[PDB]
Amino acid sequence: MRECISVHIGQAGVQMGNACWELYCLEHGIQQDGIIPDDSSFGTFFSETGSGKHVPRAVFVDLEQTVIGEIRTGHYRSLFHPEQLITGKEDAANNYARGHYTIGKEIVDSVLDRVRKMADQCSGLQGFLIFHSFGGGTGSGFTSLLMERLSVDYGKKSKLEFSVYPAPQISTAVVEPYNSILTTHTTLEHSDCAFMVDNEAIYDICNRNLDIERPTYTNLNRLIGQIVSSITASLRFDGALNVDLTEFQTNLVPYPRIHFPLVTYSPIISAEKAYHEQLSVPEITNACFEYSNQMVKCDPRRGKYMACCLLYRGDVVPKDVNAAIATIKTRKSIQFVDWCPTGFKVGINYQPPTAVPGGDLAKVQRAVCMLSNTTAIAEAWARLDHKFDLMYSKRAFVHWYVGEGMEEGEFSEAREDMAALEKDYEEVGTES
Amino acid sequence: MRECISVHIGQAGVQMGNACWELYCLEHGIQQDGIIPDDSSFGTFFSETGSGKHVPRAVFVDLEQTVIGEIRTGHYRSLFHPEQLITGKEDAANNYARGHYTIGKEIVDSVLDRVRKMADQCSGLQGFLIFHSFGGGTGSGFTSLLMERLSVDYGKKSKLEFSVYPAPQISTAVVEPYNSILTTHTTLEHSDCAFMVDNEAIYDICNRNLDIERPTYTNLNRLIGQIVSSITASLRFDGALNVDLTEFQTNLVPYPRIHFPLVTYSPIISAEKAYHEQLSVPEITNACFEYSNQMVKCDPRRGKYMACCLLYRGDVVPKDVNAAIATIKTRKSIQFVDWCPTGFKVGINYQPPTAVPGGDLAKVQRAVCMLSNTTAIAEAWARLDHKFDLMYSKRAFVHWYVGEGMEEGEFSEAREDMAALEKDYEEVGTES
Amino acid sequence: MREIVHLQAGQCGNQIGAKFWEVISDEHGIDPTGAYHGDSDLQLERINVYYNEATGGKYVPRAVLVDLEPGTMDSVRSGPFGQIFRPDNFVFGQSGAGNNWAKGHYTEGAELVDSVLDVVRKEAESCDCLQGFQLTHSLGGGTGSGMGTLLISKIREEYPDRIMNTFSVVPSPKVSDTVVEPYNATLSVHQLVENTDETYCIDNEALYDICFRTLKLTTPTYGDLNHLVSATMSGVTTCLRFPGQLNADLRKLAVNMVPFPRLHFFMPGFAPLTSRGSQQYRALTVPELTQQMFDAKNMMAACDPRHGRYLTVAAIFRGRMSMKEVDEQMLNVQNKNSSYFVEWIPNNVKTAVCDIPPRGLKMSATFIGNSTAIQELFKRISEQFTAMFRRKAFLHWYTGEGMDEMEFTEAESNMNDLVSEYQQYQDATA
Amino acid sequence: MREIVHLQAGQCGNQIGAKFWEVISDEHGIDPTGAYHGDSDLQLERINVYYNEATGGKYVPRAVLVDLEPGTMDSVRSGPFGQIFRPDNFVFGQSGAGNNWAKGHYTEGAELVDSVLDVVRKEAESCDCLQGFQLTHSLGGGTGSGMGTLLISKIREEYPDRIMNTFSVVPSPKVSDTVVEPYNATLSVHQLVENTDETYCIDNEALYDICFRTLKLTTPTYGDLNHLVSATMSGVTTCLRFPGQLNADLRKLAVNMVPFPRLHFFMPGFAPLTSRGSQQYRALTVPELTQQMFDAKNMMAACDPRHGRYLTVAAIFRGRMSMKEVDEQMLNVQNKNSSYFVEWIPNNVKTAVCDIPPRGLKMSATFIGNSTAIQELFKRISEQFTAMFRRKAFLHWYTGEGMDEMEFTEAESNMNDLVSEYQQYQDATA
Ligand SMILES: Nc1nc2c(ncn2[C@@H]2O[C@H](COP(=O)(O)OP(=O)(O)OP(=O)(O)O)[C@@H](O)[C@H]2O)c(=O)[nH]1
Ligand SMILES: Nc1nc2c(ncn2[C@@H]2O[C@H](COP(=O)(O)OP(=O)(O)OP(=O)(O)O)[C@@H](O)[C@H]2O)c(=O)[nH]1
Ligand SMILES: Nc1nc2c(ncn2[C@@H]2O[C@H](COP(=O)(O)OP(=O)(O)O)[C@@H](O)[C@H]2O)c(=O)[nH]1
Ligand SMILES: Nc1nc2c(ncn2[C@@H]2O[C@H](COP(=O)(O)OP(=O)(O)O)[C@@H](O)[C@H]2O)c(=O)[nH]1
Ligand SMILES: [Mg+2]
Ligand SMILES: [Mg+2]
């Protein structure tokens with residue numbers, strides 16, 4: 001009945017998607033193909049055919065064709081519908097203009113059609129899940145191009161996006177500040193709720209809590225795979241207090257332009273050191289509010305919380321959830337904004353998280369995913385805007401962007417909009 | 001229900017802790033792991049997990065990483081929680097300044113967090129047990145740093161510490177007087193009751209009463225292990241007249257700055273010569289007041305008693321305890337201060353002390369641990385202050401301390417405070 | 001005769017209702033397949049109050065299950081006593097309400113309410129004598145708060161004279177489970193005070209206390225809480241279904257419990273409640289049952305009666321008892337706590353005694369109390385609502401669905417007036 | 001009728017109380033499971049004095065067990081006759097008092113006293129006719145001295161007319177078991193002299209003598225001492241539970257034993273007490289029982305009556321006896337020891353005779369003596385208290401919990417006044 005269309009943009013989204021759909025197939029008994037061996041709630045993500053083959057309800061789009069070409073040769077070659085996997089001629093080359101104005105224009109009409117063929121095949125449309133990179137290229141331009149196209153064809157339908165936000169210190173591209181601001185300016189008015197994660201933050205978690213000194217990108221994706229499973233577990237499984245994707249918009253977004261929650265997942269524990277842990281509900285709930293466990297390298301205590309969604313899983317008792325949240329509300333260090341006395345949205349599900357073979361997480365009994373909107377993220381935007389200001393003041397790389405469909409003015413408009421958003425975060429955080 | 005958090009600092013505390021937790025595991029049927037074979041009062045020291053694994057409620061902290069690294073390779077490798085065992089980069093090098101100002105600052109925020117994760121996991125918090133060395137290094141600086149941090153985060157909660165006080169003649173470090181005074185000055189106002197022991201005193205006992213000419217540090221620790229078991233036996237086991245850790249503070253500490261009891265354990269007898277001893281209650285009770293059995297090389301009869309706690313164990317009749325104490329009160333040589341007509345606190349427990357296999361103590365039937373606060377310890381402080389005065393007058397080793405975060409003035413302030421404490425011990429010992 | 005038709009709403013109502021129909025079916029001997037296998041014939045005499053009959057002894061509850069999402073009912077029909085319900089009564093949409101009152105009431109439920117009414121009228125018209133409508137929902141959600149109040153207005157406009165009683169779960173003060181609770185509660189209450197006869201306010205936090213303190217339950221699921229709510233819902237409708245020394249019809253309670261039209265918010269209770277180990281240390285007699293009924297620790301609402309005064313009270317007993325004891329105890333309570341009872345009402349207790357107790361119990365009792373202390377609940381919600389509303393905390397989600405800021409101000413004013421009215425009648429004569 | 005409610009406190013009270021309820025249950029035929037299997041029906045007629053009834057013949061003691069630490073009661077409930085008590089009556093905190101009166105009375109017990117009262121009122125209100133409250137504690141501890149006196153003040157303020165009798169263990173003169181005894185005793189006594197009707201002062205040292213001298217016991221545990229205390233506590237409440245030729249109610253004793261309001265400190269006794277080997281050398285008759293009752297070596301208090309004078313005396317006999325013998329012996333004692341009895345009281349003996357003796361004994365007797373020699377006990381404590389207080393021996397532990405040095409001075413002044421009053425009434429007329 002319910003449905004979720006997954007759009008995976010760029011190398012990040014495609015590689016994150018590989019982990020998501022390896023988990024979903026495992027959460028439903030699927031056999032790396034559309035086949036199920038000789039397992040009934042899959043309908044939210046998997047379309048079914050008379051052959052016994054289940055087809056993921058996802059669209060893989062990339063202007064580059066090396067990452068997707070690896071899927072077609074991978075173990076999941078025979079899972080996805082071949083026309084879902086869309087590849088272009090030449091990548092965006094870390095340039096927002098190429099992704100949005102020159103190359104995106106030649107693929108957007110193709111991905112949008114395949115989305116249409118999926119939207120009309122659903123008994124009822126619930127929302128879109130967008131996976132993309134914030135660094136730039138396809139993830140910055142194509143997404144903002146696609147987001148604007150979905151906003152008109154589908155209007156009020158929910159649009160949730162998972163963004164790999166740039167890390168404070170770590171960086172892999174030189175023009176991230178240009179791409180980060182340009183995409184944000186064109187996605188504020190077309191996105192409902194953007195869940196942020198940082199590679200650096202997960203890198204800390206992967207060695208600080210999981211005992212691994214060599215995290216690859218596969219490890220980070222498998223951690224992100226768990227989060228999305230938890231977010232969509234209510235649709236996929238039964239529970240005591242369920243939550244729907246359209247509930248996040250109102251619960252987490254007090255104002256239309258402030259829709260950037262952080263992310264967390266408490267029981268990120270090594271298998272060996274799990275033998276010495278009780279892993280009770282009150283303790284994991286407290287771990288969510290520690291700076292040491294955030295998946296975005298932004299310290300919550302530098303700001304004030306504005307909304308929180310606690311999505312429990314597995315063996316959980318709602319009485320314990322009530323107690324743990326009550327104590328957390330008591331702590332003075334954990335500060336909520338005054339104008340939000342009602343601070344928590346709670347969701348409980350009966351399905352324990354499943355562990356991917358060859359993975360790193362322990363076989364936990366119960367888990368909680370926390371989605372918190374905080375004013376602390378205002379610091380990250382200010383830091384990002386400073387980097388953009390340094391480069392733009394010198395016109396460090398402008399000639400690349402201006403010469404591929406964009407214009408000089410858009411740099412000024414994008415930055416001032418980010419200034420307004422940073423101002424807005426300040427007004428929200430002050431009272432009387 | 002009850003709880004006790006054990007913090008073990010430095011090489012002394014860590015190695016003393018190894019004996020304590022080998023005894024506790026033996027006192028509860030534990031099997032050198034968290035497992036109990038196919039045993040119910042452990043809850044005071046051991047946290048329990050659904051796996052059947054019992055996790056000691058202790059924190060091992062050291063700036064050096066050789067002693068703790070040996071635990072991780074020892075027989076109790078799989079007992080402690082790996083994050084309880086905290087190790088640093090480089091030791092304090094017998095320098096108080098390094099432990100308190102330079103290296104301690106980089107670990108204190110880590111040990112304090114693990115203490116927090118234990119304090120909130122207890123049904124009710126009773127107090128802290130601190131094991132450390134008085135000679136110096138981590139035990140002198142880190143402890144005084146940790147003690148001040150616990151004093152604010154937990155306020156009035158009981159803080160009991162077991163200190164390896166420097167011996168009068170025997171010494172293993174050249175700068176002990178500097179470390180001993182500096183740590184004492186910063187622990188008087190943050191510690192409730194400090195139980196003192198001397199290596200030399202136990203060395204005498206180990207050969208004079210136990211027939212061993214080759215005591216290692218393992219032998220001394222096993223003797224200290226018995227004492228702590230007796231102190232915490234009331235919480236761990238049932239008895240006729242129980243005593244709680246918060247009772248020591250009021251029973252033994254008449255004044256806030258005079259909280260340095262001695263220690264004793266009467267039936268320290270070889271197995272072979274135990275066959276020729278009755279080991280009745282009156283005789284063992286009298287042994288506690290003999291200078292030949294004190295665990296601190298300070299003669300009680302050089303001063304006046306101020307408080308005494310007799311913690312009996314095993315087959316003991318309270319009528320006998322009444323008689324023995326009555327006779328001891330009669331003896332004129334055993335002098336109590338006049339302003340304390342009520343001189344004794346008594347505790348009786350039904351659990352006989354357990355003998356560690358491979359140990360030296362006999363399989364005694366009944367035992368008594370005596371914790372006495374005496375003015376005689378004033379002599380030890382005066383002796384210690386004299387050694388400090390000699391070195392400081394020449395500035396013998398000052399340059400090491402001043403150059404690692406400390407300052408010249410602190411030497412003067414620490415020493416004058418010790419002078420005041422020595423003066424205070426004199427005022428308490430005089431009447432009218 | 002005197003048939004009751006049950007309406008669900010949202011996930012809360014559907015979960016509570018599924019348990020209510022398991023309890024009711026238990027005391028009437030109705031198997032999960034619909035067949036009757038009871039022993040006493042008395043439980044079958046008045047079985048028409050909730051059930052409709054069919055061929056082969058099948059009995060069909062007069063229940064209407066509605067939600068804007070089918071995930072919840074699909075659990076209901078898949079679980080025990082789910083095949084009992086008539087399939088045509090599952091009226092549902094595809095896109096749920098995002099916990100916002102505006103969507104459930106104006107946009108999402110508006111287009112689906114007609115489908116529900118067509119089932120309600122069909123159910124009601126099959127009743128020889130319709131007593132009233134019974135609605136179970138939650139004020140903090142979107143479907144229950146929005147659609148449930150939309151149904152209430154529609155039915156009240158279509159059946160003006162019938163009694164409508166609501167068993168609504170109220171947001172707890174301690175911790176919330178939905179960030180927009182003040183908006184849903186305030187807007188939902190704005191409708192209840194005008195379009196229902198007797199609302200039974202309950203909150204989960206209070207039921208958590210009862211399980212923790214009284215029942216000494218260490219793993220209280222929502223099934224345990226819903227059983228507590230079921231027992232009180234069964235209690236208030238036992239005279240309609242069983243005989244007794246003194247009967248109390250739903251309208252009998254409303255007359256005795258509602259002095260003024262708008263003061264119709266009750267805080268229920270139940271007794272006996274004892275743990276499995278403390279059962280052998282209790283007499284299980286009228287004097288103690290009446291003692292814990294008025295105990296503030298045994299009430300299913302957060303507000304404590306000690307902070308206010310009882311306008312009225314009802315005590316629906318069950319099981320064979322001495323009528324002398326019952327009256328003496330109620331009088332005994334009246335005398336001791338004379339400060340807790342409003343003085344311009346000479347008698348503040350309405351009594352009833354049903355002859356048949358719940359299965360496995362020799363005696364039982366259901367407490368219903370209309371207390372001015374309830375003003376705390378609404379005042380607390382007013383404080384939260386005005387806090388968020390002062391700076392447009394989440395309005396855009398509501399105004400975008402068709403609402404308007406004026407309605408927000410009207411709802412707050414109405415709730416404040418009700419709080420004022422409850423406070424006004426807490427003062428003695430002159 | 002004339003129900004007694006038992007209150008515990010601290011480790012001393014809980015240990016004494018657990019033995020008292022084993023003895024009481026023995027003479028009423030109550031099994032450790034709560035069932036009754038007695039032979040004589042008389043022991044069941046007045047069983048309501050201490051026990052409440054339940055279904056299936058289960059009898060539940062009207063006991064309230066309280067301590068600031070649960071280790072002691074967990075021993076109580078785990079031991080024999082521990083499952084008898086009602087689980088709800090175990091009211092306890094987590095952090096115990098460190099043997100300091102300040103913590104138990106102002107800080108630790110203050111926040112827990114309300115929980116106890118809510119159980120006391122519930123227990124008391126179930127009594128057809130409440131006779132009084134019975135408290136067992138110790139003046140040298142922290143919970144008993146501090147919280148026990150806090151309860152005493154609370155109950156006396158809530159039940160002013162009821163009789164409150166305390167069986168308090170007093171610190172011994174010979175050896176102490178707590179360094180701060182003078183502070184706990186002085187502060188606790190400051191409360192007792194104003195808020196209790198009859199205090200039964202006992203000390204362990206005296207019971208050690210009795211076991212050593214009379215019973216010739218070589219391994220006297222605390223169980224043996226507590227049995228002695230139990231027997232006297234059973235004795236003073238036998239007329240309420242059994243018939244006799246001459247009855248003595250608790251208020252009957254208080255009237256006859258308390259001339260002035262503040263002189264209500266008694267030193268109990270018991271008889272017969274004989275070793276296992278000396279039983280075959282005794283007549284076991286009234287003349288000898290009365291002889292050892294007044295023997296200073298057979299009294300459960302340190303103070304010797306020879307050092308003062310008896311203000312009054314009570315002799316609660318048990319077993320079938322010749323009333324002529326009883327009166328003649330009491331008169332015989334009165335004549336010989338005329339110097340030991342105050343002269344402005346013409347008759348200093350109150351007599352009673354219960355018909356049923358304790359199990360295994362044909363005869364028994366309980367002695368209660370209000371003697372001016374008790375002034376030694378308080379004067380001795382005053383000397384210790386003023387010694388420590390003269391130079392702030394341990395005050396910081398008390399003043400830090402909320403107390404103040406002024407309260408210390410007031411407590412000492414009050415105790416000195418009581419010692420003065422006891423001395424004043426030791427002198428003859430004019
Ligand atoms: N978590 C995670 N992040 C990734 C992964 N691959 C790339 N990224 C992030 O993506 C950011 C840059 O955007 P890309 O996805 O590499 O570029 P693109 O979306 O393919 O757009 P083009 O530049 O046109 O190729 C980098 O800063 C990485 O942090 C991945 O496998 N896992
Ligand atoms: N009883 C006992 N005492 C010990 C033991 N090990 C060390 N000590 C004492 O510790 C004193 C010196 O302090 P240490 O513990 O060695 O130094 P530290 O605490 O590790 O601090 P650092 O100097 O930074 O290493 C010596 O004088 C010893 O008497 C032990 O195993 N048992
Ligand atoms: N007792 C009980 N309360 C519930 C249950 N489900 C939801 N609630 C309560 O309902 C509120 C959430 O609103 P909800 O009914 O789920 O939204 P709706 O589906 O749109 O009506 C919260 O206050 C929950 O405490 C349940 O099964 N049992
Ligand atoms: N007869 C008897 N006396 C006790 C017992 N336990 C403690 N005491 C006495 O009580 C005093 C100690 O105070 P205590 O009651 O333990 O402290 P509390 O728990 O805070 O009330 C000492 O004088 C003991 O002699 C017992 O089981 N039997
Ligand atoms: Mg690319
Ligand atoms: Mg070292």
# chains A, B, ... in the order shown; residues from 1 in each chain; ligands from 1

call {"tool": "residues_around", "arguments": {"residues": "residue 431 in chain A", "least_positions_apart": "2", "cutoff": "10 Å", "atoms": "only C-alpha atoms", "output": "mmCIF file with N, CA and C atoms, in the first residue's frame"}}
result
data_model
loop_
_atom_site.group_PDB
_atom_site.id
_atom_site.type_symbol
_atom_site.label_atom_id
_atom_site.label_comp_id
_atom_site.auth_asym_id
_atom_site.auth_seq_id
_atom_site.Cartn_x
_atom_site.Cartn_y
_atom_site.Cartn_z
ATOM 1 N N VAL A 337 14.798 24.851 23.162
ATOM 2 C CA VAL A 337 14.340 26.221 23.002
ATOM 3 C C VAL A 337 13.040 26.411 23.773
ATOM 4 N N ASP A 338 12.860 27.612 24.324
ATOM 5 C CA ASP A 338 11.738 27.847 25.228
ATOM 6 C C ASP A 338 10.402 27.721 24.509
ATOM 7 N N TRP A 339 10.309 28.225 23.286
ATOM 8 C CA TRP A 339 9.020 28.224 22.596
ATOM 9 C C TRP A 339 8.600 26.855 22.125
ATOM 10 N N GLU A 427 17.339 34.387 14.753
ATOM 11 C CA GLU A 427 16.060 34.880 15.248
ATOM 12 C C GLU A 427 15.272 33.769 15.926
ATOM 13 N N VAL A 428 15.290 32.570 15.349
ATOM 14 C CA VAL A 428 14.564 31.452 15.936
ATOM 15 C C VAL A 428 15.130 31.110 17.306
ATOM 16 N N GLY A 429 16.439 31.245 17.471
ATOM 17 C CA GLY A 429 17.090 30.880 18.708
ATOM 18 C C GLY A 429 16.994 31.899 19.817
ATOM 19 N N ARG C 391 4.936 32.758 18.413
ATOM 20 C CA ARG C 391 5.898 33.041 17.357
ATOM 21 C C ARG C 391 5.767 32.039 16.219
#

call {"tool": "residues_around", "arguments": {"residues": "range 44-51 of chain C", "least_positions_apart": "6", "cutoff": "7 Å", "atoms": "only C-alpha atoms", "output": "list in words"}}
result
residues 1, 2, 3, 4, 5, 28, 59, 60, 61, 62 and 241 of chain C

call {"tool": "residues_around", "arguments": {"residues": "range 268-273 of chain B", "least_positions_apart": "3", "cutoff": "9 Å", "atoms": "only C-alpha atoms", "output": "mmCIF file with N, CA, C and O atoms, in the first residue's frame"}}
result
data_model
loop_
_atom_site.group_PDB
_atom_site.id
_atom_site.type_symbol
_atom_site.label_atom_id
_atom_site.label_comp_id
_atom_site.auth_asym_id
_atom_site.auth_seq_id
_atom_site.Cartn_x
_atom_site.Cartn_y
_atom_site.Cartn_z
ATOM 1 N N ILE B 205 55.074 -7.467 58.955
ATOM 2 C CA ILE B 205 54.027 -8.430 59.271
ATOM 3 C C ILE B 205 54.193 -9.694 58.442
ATOM 4 O O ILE B 205 53.950 -10.807 58.924
ATOM 5 N N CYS B 206 54.603 -9.549 57.184
ATOM 6 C CA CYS B 206 54.627 -10.697 56.290
ATOM 7 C C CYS B 206 55.697 -11.705 56.688
ATOM 8 O O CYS B 206 55.572 -12.891 56.369
ATOM 9 N N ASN B 209 54.926 -12.569 61.238
ATOM 10 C CA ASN B 209 53.751 -13.350 61.587
ATOM 11 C C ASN B 209 53.391 -14.416 60.570
ATOM 12 O O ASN B 209 52.665 -15.352 60.919
ATOM 13 N N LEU B 210 53.869 -14.307 59.334
ATOM 14 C CA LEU B 210 53.479 -15.215 58.269
ATOM 15 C C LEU B 210 54.599 -16.143 57.828
ATOM 16 O O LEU B 210 54.357 -17.009 56.984
ATOM 17 N N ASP B 211 55.811 -15.969 58.359
ATOM 18 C CA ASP B 211 56.926 -16.907 58.209
ATOM 19 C C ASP B 211 57.546 -16.865 56.815
ATOM 20 O O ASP B 211 58.171 -17.833 56.377
ATOM 21 N N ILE B 212 57.416 -15.739 56.120
ATOM 22 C CA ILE B 212 57.888 -15.605 54.748
ATOM 23 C C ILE B 212 59.008 -14.580 54.728
ATOM 24 O O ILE B 212 58.825 -13.440 55.174
ATOM 25 N N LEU B 223 47.143 -8.978 51.172
ATOM 26 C CA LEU B 223 46.802 -8.557 52.524
ATOM 27 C C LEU B 223 45.886 -7.346 52.502
ATOM 28 O O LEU B 223 44.953 -7.250 53.305
ATOM 29 N N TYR B 265 44.585 -5.745 60.764
ATOM 30 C CA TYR B 265 43.889 -6.992 60.459
ATOM 31 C C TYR B 265 44.541 -8.068 61.310
ATOM 32 O O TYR B 265 45.689 -8.444 61.061
ATOM 33 N N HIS B 276 48.342 -24.306 66.450
ATOM 34 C CA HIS B 276 48.672 -24.151 67.859
ATOM 35 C C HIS B 276 48.029 -22.914 68.467
ATOM 36 O O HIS B 276 48.470 -22.442 69.518
ATOM 37 N N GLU B 277 46.995 -22.380 67.828
ATOM 38 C CA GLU B 277 46.340 -21.162 68.277
ATOM 39 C C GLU B 277 44.845 -21.399 68.409
ATOM 40 O O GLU B 277 44.232 -22.057 67.565
ATOM 41 N N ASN B 293 51.389 -5.334 64.975
ATOM 42 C CA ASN B 293 50.425 -5.772 63.980
ATOM 43 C C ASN B 293 49.828 -4.629 63.174
ATOM 44 O O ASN B 293 48.981 -4.884 62.312
ATOM 45 N N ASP B 360 48.952 -16.898 51.434
ATOM 46 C CA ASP B 360 49.761 -17.158 52.614
ATOM 47 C C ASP B 360 48.966 -17.202 53.907
ATOM 48 O O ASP B 360 49.376 -17.890 54.842
ATOM 49 N N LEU B 361 47.846 -16.493 53.984
ATOM 50 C CA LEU B 361 47.059 -16.483 55.205
ATOM 51 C C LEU B 361 46.436 -17.850 55.452
ATOM 52 O O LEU B 361 46.192 -18.626 54.525
ATOM 53 N N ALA B 362 46.185 -18.139 56.723
ATOM 54 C CA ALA B 362 45.576 -19.394 57.118
ATOM 55 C C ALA B 362 44.066 -19.350 56.906
ATOM 56 O O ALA B 362 43.462 -18.290 56.722
ATOM 57 N N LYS B 363 43.452 -20.532 56.938
ATOM 58 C CA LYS B 363 42.004 -20.666 56.791
ATOM 59 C C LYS B 363 41.345 -20.351 58.134
ATOM 60 O O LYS B 363 40.833 -21.217 58.847
ATOM 61 N N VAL B 364 41.368 -19.062 58.473
ATOM 62 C CA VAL B 364 40.865 -18.620 59.764
ATOM 63 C C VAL B 364 39.350 -18.785 59.826
ATOM 64 O O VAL B 364 38.648 -18.807 58.809
#

call {"tool": "residues_around", "arguments": {"residues": "range 273-277 of chain C", "least_positions_apart": "5", "cutoff": "6 Å", "atoms": "only C-alpha atoms", "output": "PyMOL selection string"}}
result
chain C and resi 214-216

call {"tool": "write_last_selection", "arguments": {"atoms": "N, CA and C atoms", "output": "tab-separated table (two decimals), in the first residue's frame"}}
result
chain	number	residue	atom	x	y	z
C	214	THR	N	0.72	0.16	41.38
C	214	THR	CA	-0.29	-0.74	41.92
C	214	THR	C	-0.07	-2.17	41.43
C	215	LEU	N	-0.09	-2.37	40.12
C	215	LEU	CA	0.04	-3.70	39.54
C	215	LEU	C	1.45	-4.25	39.63
C	216	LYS	N	2.44	-3.41	39.92
C	216	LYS	CA	3.84	-3.80	39.97
C	216	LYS	C	4.22	-4.57	38.71

call {"tool": "residues_around", "arguments": {"residues": "range 414-416 of chain D", "least_positions_apart": "6", "cutoff": "10 Å", "atoms": "only C-alpha atoms", "output": "PyMOL selection string"}}
result
chain D and resi 186-187+189-191+193+375+378-379+381-382+422

call {"tool": "write_last_selection", "arguments": {"atoms": "N, CA and C atoms", "output": "mmCIF file, in the first residue's frame"}}
result
data_model
loop_
_atom_site.group_PDB
_atom_site.id
_atom_site.type_symbol
_atom_site.label_atom_id
_atom_site.label_comp_id
_atom_site.auth_asym_id
_atom_site.auth_seq_id
_atom_site.Cartn_x
_atom_site.Cartn_y
_atom_site.Cartn_z
ATOM 1 N N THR D 186 20.756 11.973 73.149
ATOM 2 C CA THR D 186 20.271 13.233 73.698
ATOM 3 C C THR D 186 19.205 13.852 72.802
ATOM 4 N N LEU D 187 19.433 13.846 71.489
ATOM 5 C CA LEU D 187 18.477 14.444 70.566
ATOM 6 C C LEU D 187 17.199 13.623 70.493
ATOM 7 N N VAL D 189 15.999 11.626 72.911
ATOM 8 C CA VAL D 189 15.290 11.765 74.176
ATOM 9 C C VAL D 189 14.580 13.105 74.247
ATOM 10 N N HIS D 190 15.175 14.150 73.676
ATOM 11 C CA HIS D 190 14.519 15.451 73.648
ATOM 12 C C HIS D 190 13.143 15.367 73.009
ATOM 13 N N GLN D 191 12.949 14.428 72.086
ATOM 14 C CA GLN D 191 11.661 14.243 71.434
ATOM 15 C C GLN D 191 10.753 13.304 72.211
ATOM 16 N N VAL D 193 10.483 12.687 75.456
ATOM 17 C CA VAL D 193 9.889 13.207 76.681
ATOM 18 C C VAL D 193 8.657 14.052 76.403
ATOM 19 N N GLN D 375 17.434 8.121 86.589
ATOM 20 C CA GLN D 375 18.147 9.378 86.393
ATOM 21 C C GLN D 375 19.626 9.142 86.140
ATOM 22 N N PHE D 378 20.248 8.879 82.231
ATOM 23 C CA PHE D 378 20.253 10.152 81.520
ATOM 24 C C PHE D 378 21.410 11.028 81.963
ATOM 25 N N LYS D 379 21.743 10.990 83.250
ATOM 26 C CA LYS D 379 22.878 11.766 83.732
ATOM 27 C C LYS D 379 24.172 11.266 83.109
ATOM 28 N N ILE D 381 24.499 9.841 80.123
ATOM 29 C CA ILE D 381 24.493 10.324 78.747
ATOM 30 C C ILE D 381 24.790 11.816 78.706
ATOM 31 N N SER D 382 24.243 12.575 79.656
ATOM 32 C CA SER D 382 24.542 14.001 79.718
ATOM 33 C C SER D 382 26.037 14.250 79.864
ATOM 34 N N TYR D 422 13.345 13.973 88.018
ATOM 35 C CA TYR D 422 13.400 12.642 88.609
ATOM 36 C C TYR D 422 14.032 12.686 89.993
#

call {"tool": "residues_around", "arguments": {"residues": "residue 122 in chain C", "least_positions_apart": "2", "cutoff": "12 Å", "atoms": "only C-alpha atoms", "output": "number ranges by chain"}}
result
C: 5, 62-64, 88-89, 115-120, 124-127

call {"tool": "interface_residues", "arguments": {"of": "chain A", "to": "chain C", "cutoff": "7 Å", "atoms": "only C-alpha atoms", "output": "ChimeraX atom specification"}}
result
/A:124,126,246-247,250-251,254-255,317-319,322,326,339-346
